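Trainee:
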Amino acid sequence: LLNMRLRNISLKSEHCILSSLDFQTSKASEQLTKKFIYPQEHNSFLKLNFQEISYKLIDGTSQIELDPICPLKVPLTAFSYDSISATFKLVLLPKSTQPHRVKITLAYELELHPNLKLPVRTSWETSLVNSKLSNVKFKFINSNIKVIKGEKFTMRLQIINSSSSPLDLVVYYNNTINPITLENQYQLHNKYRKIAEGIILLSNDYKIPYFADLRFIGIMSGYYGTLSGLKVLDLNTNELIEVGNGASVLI
Amino acid sequence: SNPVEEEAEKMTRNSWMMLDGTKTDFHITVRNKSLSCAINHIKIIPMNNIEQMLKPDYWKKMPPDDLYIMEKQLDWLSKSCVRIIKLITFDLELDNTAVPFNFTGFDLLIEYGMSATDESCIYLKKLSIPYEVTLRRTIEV
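Residue numbers (the deposited numbering), protein chains in the order written: chain V, 212 to 337, 401 to 454, 482 to 510, 518 to 559; chain J, 822 to 830, 857 to 934, 944 to 997.
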């Protein structure tokens, strides 16, 4: 009851859940010690946090922070430190423990000594393109973020199919404007315009035959996150697989 | 009742080129916490002893076969590059898969990594990771 603490956990896409703990001197404790300190004419407190650490599991391992941290001391403040946990594909929820050491130094070198230790579970409170029909999956083997200029470049698809008939699909980019509140109308027009002529495929209408190298050239500068022009058509039972993957900046 | 103590201690299609992979995937290395290897691995370099088996398969093939070194062994596709180590994990070494001369008979691979943390005793349990790789026929005579 001197510094209220909370922990926030987020799930990054790079298979590393990041959990950040936040500490803040609570206002009720602030006024509680503040009137008794201002009786002796003190305006700013001094809670010296000298040893803050987090532990892992039933065997105690000290996972470090993401940056440096000295031994600080301040009043009426808040500070947050972020550790990087490991992403779990199973349903084993990791339970961690944190500990601090607040030295509540009253003045003229007459200090008290306080320590605290919480322990809880680091929950989070709740791409590979796959089709809807068959076993056919898509994933770009080369890193989906890429930094290019407006020059010629290459990109690499990959197909994991049912081995019964691996062939009979075609790719094409469809360089035409999709046929569409004037402000939202023109915003959707600018999205559909810079999609339809931003990059151009240097081999479209292209029969596939488990790799498939397909080659572009990029014209217009900008970050094309989930570049969604190119559209792999499946010949038999005529449907379309969108490929919402890949993101190329062109600067 | 006689007790003891309790001591605490996916590839793709490849051509005939050489692919050097630096691996930093989700290696377990199931020690207690924050396992420092203290003698790190730089380059594992497999597909060497597969060639050192394949050239004696040629030589074994040269006379009639009477199981001198071909006696039911399917260890061509095993690729068991034993990674020996000394005394929360560490990133793996460079692969350098290096398929420049290898048969079409294999379509799979595995590995084995010796997890070691020895304190005046013998070695410990050992962890193994497989790798499925297919090969591309780039050229023939």
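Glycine residues also receive a C-beta, built at the ideal position from the N, C-alpha and C atoms.
Considering just the uninterrupted stretch of the beta strand (DSSP E) at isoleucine 500/V, what are its terminal residues?
Mentor: As a working note, residue 500/V is residue 199 in the first sequence. 500 to 502 is the span of the beta strand (DSSP E), which, as asked, contains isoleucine 500/V.
Trainee: Return the chain-ordered list of same chain residues with a C-beta closer than 6 Å to the C-beta of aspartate 442/V, the five sequence neighbours on each side being excluded.
Mentor: Numbered from 1 along the first sequence, position 168 holds the residue referred to as residue 442/V. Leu543 and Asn544.
Trainee: Could you please give the first and the last residue of the uninterrupted alpha helix (DSSP H) stretch that includes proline 903/J?
Mentor: Against the second sequence, residue 903/J aligns to sequence position 56. Taken as a continuous stretch (DSSP letters only), the alpha helix (DSSP H) holding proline 903/J covers 898 to 908.
Trainee: Do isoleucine 500/V and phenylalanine 524/V have their C-beta atoms closer together than 8 Å?
Mentor: Residue numbering aside, residue 500/V sits at position 199 when the first sequence is read from its first letter. Residue numbering aside, residue 524/V sits at position 216 when the first sequence is read from its first letter. Contact flag set, yes.
Trainee: Starting from the beta carbon of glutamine 432/V, find every residue of chain A whose beta carbon is closer than 9 Å, and list them in chain order.
Mentor: Judged by its chain identifiers, the structure shown contains no chain A, and its protein chains are V and J.
Trainee: How would you list, in chain order, the residues of chain V whose beta-carbon sits under 9 Å from the beta-carbon of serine 881/J?
Mentor: On the second sequence, residue 881/J is found 34 positions in, with the first residue counted as 1. Under the 9 Å cutoff, chain V gives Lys267, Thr272, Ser273 and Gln274.
Trainee: Given this structure, state the Cα-to-Cα distance separating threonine 859/J from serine 437/V, to the nearest angstrom.
Mentor: Sequence index remark: in the second sequence, residue 859/J carries index 12 (1-based). Sequence index remark: in the first sequence, residue 437/V carries index 163 (1-based). Going by the C-alpha atoms only, they are around 15 Å apart.
Trainee: Quick one: does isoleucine 944/J have its CB under 8 Å from some CB of chain V?
Mentor: Start at 1 with the first residue of the second sequence, and residue 944/J comes out as number 88. Yes, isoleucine 944/J counts as interfacial toward chain V.
Trainee: Can you list, in chain order, the residues of its chain whose CB lies under 6 Å from that of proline 510/V, leaving out five sequence neighbours each side?
Mentor: Taking the first sequence and counting its residues from 1, the one referred to as residue 510/V is at position 209. Within the same chain, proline 510/V has close Cβ partners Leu441.
Trainee: Just to confirm the assignment, what range does the beta strand (DSSP E) spanning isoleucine 559/V have?
Mentor: Residue numbering aside, residue 559/V sits at position 251 when the first sequence is read from its first letter. Per DSSP, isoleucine 559/V belongs to no beta strand (DSSP E) and is neither H nor E.
Trainee: Which residue's Cα is closest to the Cα of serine 927/J: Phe957/J, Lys933/J and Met970/J?
Mentor: Residue 927/J sits at position 80 when you count from the first residue of the second sequence. The option with the nearest alpha carbon to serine 927/J is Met970/J.
Trainee: Should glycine 533/V go down as buried or exposed, given a rule of 16 or more other Cβ atoms within 10 Å for buried?
Mentor: Taking the first residue of the first sequence as position 1, residue 533/V is located at position 225. Answer is exposed; the Cβ neighbour count stays below 16.
Trainee: Taking 8 Å as the limit between beta carbons, can you name the residues of its chain near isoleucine 419/V, skipping five residues before and five after?
Mentor: One-based indexing of the first sequence puts residue 419/V at position 145. So the qualifying residues of the chain are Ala555, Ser556 and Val557.
Trainee: Please list the partners that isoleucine 419/V has in chain J, where partner means a Cβ-to-Cβ separation under 7 Å.
Mentor: In the first sequence, residue 419/V corresponds to position 145, counting from 1. Chain J residues near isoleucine 419/V: none, gap ~17 Å exceeds 7 Å.
Trainee: Would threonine 316/V pass as a contact of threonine 236/V if the rule is Cβ separation under 8 Å?
Mentor: Here the question's residue 316/V lines up with position 105 in the first sequence. Here the question's residue 236/V lines up with position 25 in the first sequence. Cβ atoms of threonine 316/V and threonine 236/V: not closer than 8 Å.
Trainee: For the candidate residues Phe873/J, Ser883/J and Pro824/J, whose alpha-carbon lies nearest to that of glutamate 830/J?
Mentor: Working through the second sequence from its first residue, we reach residue 830/J at position 9. Among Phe873/J, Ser883/J and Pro824/J, the Cα nearest to that of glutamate 830/J is on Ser883/J.
Trainee: Take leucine 301/V as the anchor and find which of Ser334/V, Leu535/V and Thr482/V has the nearest alpha-carbon.
Mentor: In the first sequence, the residue the question calls residue 301/V occupies position 90. Nearest option by C-alpha distance: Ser334/V.
Trainee: Mind checking who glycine 533/V pairs with in its DSSP beta bridge?
Mentor: As a first step, residue 533/V is located in the first sequence; it is residue number 225 there, counting from the start. For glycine 533/V, which the question treats as bridged, DSSP gives the partners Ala555/V.
Trainee: Looking at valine 929/J: is its Cβ nearer than 8 Å to the Cβ of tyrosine 968/J?
Mentor: The count along the second sequence starts at 1 and reaches residue 929/J at position 82. The count along the second sequence starts at 1 and reaches residue 968/J at position 112. Yes, the Cβ-Cβ distance between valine 929/J and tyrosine 968/J is below 8 Å.
Trainee: Are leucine 329/V and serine 291/V close, meaning C-beta to C-beta below 8 Å?
Mentor: Along the first sequence, read from residue 1 onward, the residue named residue 329/V stands at position 118. Along the first sequence, read from residue 1 onward, the residue named residue 291/V stands at position 80. Against a cut-off of 8 Å, the Cβ pair of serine 291/V and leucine 329/V comes out as no contact.
Trainee: Taking 6 Å as the limit between beta carbons, can you name the residues of its chain near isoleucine 228/V, skipping five residues before and five after?
Mentor: Here the question's residue 228/V lines up with position 17 in the first sequence. If we look at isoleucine 228/V and ignore the five residues flanking it on each side, its Cβ neighbours are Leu222, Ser296 and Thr298.
Trainee: Rounded to whole angstroms, what is the Cα-Cα separation between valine 421/V and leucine 483/V?
Mentor: Here residue 421/V refers to the residue found at position 147 when the first sequence is read from its first residue. Here residue 483/V refers to the residue found at position 182 when the first sequence is read from its first residue. Taking the straight line joining both Cα atoms gives about 34 Å.
Trainee: For my contact list, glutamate 949/J and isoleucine 889/J are in at a C-beta cut-off of 8 Å; report their separation, rounded to the angstrom.
Mentor: Here the question's residue 949/J lines up with position 93 in the second sequence. Here the question's residue 889/J lines up with position 42 in the second sequence. With 8 Å as the limit, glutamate 949/J and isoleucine 889/J qualify as a contact, their Cβ atoms being about 6 Å apart.
Trainee: Secondary structure at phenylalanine 247/V, three-state DSSP: helix, strand or coil?
Mentor: If you number the first sequence from 1, residue 247/V lands on position 36. Reduced to three states, the DSSP call for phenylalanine 247/V is helix.
Trainee: Taking just the CA atoms, how far does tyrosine 531/V sit from residue 575/V?
Mentor: Only positions 212 to 559 of chain V appear in the structure, and residue 575/V is not among them; the question remains open.
Trainee: Within 10 angstroms of the Cβ of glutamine 309/V, are there 16 or more other Cβ atoms? Answer buried if so, exposed if not.
Mentor: For this step, residue 309/V is matched to residue 98 along the first sequence. It is buried - the Cβ of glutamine 309/V has at least 16 other Cβ atoms within 10 Å.
Trainee: I want to verify the contact list: residues of chain J whose CB lies under 7 Å from the CB of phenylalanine 247/V, in sequence order.
Mentor: Here residue 247/V refers to the residue found at position 36 of the first sequence. Within 7 Å Cβ-Cβ: nothing; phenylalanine 247/V doesn't reach chain J, min ~43 Å.
Trainee: Considering only the beta carbon of each residue, do residue 1028/J and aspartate 867/J sit closer than 8 Å?
Mentor: It is not possible to answer for residue 1028/J, since the shown part of chain J is limited to 822 through 997.
Trainee: Below 8 Å on C-beta distance, what does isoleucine 415/V contact in chain J?
Mentor: As a working mapping, residue 415/V is identified with position 141 in the first sequence. The answer, in chain order, is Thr859.
Trainee: Nearest to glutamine 920/J by CA position, among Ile897/J, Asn823/J, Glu988/J and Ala972/J, is which residue?
Mentor: Within the second sequence, residue 920/J is the residue found at index 73, counting from 1. Taking only the C-alpha atoms, the option nearest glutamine 920/J is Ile897/J.
Trainee: Report back the beta-carbon spacing between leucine 914/J and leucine 964/J to the nearest angstrom; my notes put them in contact at under 8 Å.
Mentor: Here residue 914/J refers to the residue found at position 67 when the second sequence is read from its first residue. Here residue 964/J refers to the residue found at position 108 when the second sequence is read from its first residue. About 24 Å; that fails the 8 Å criterion.
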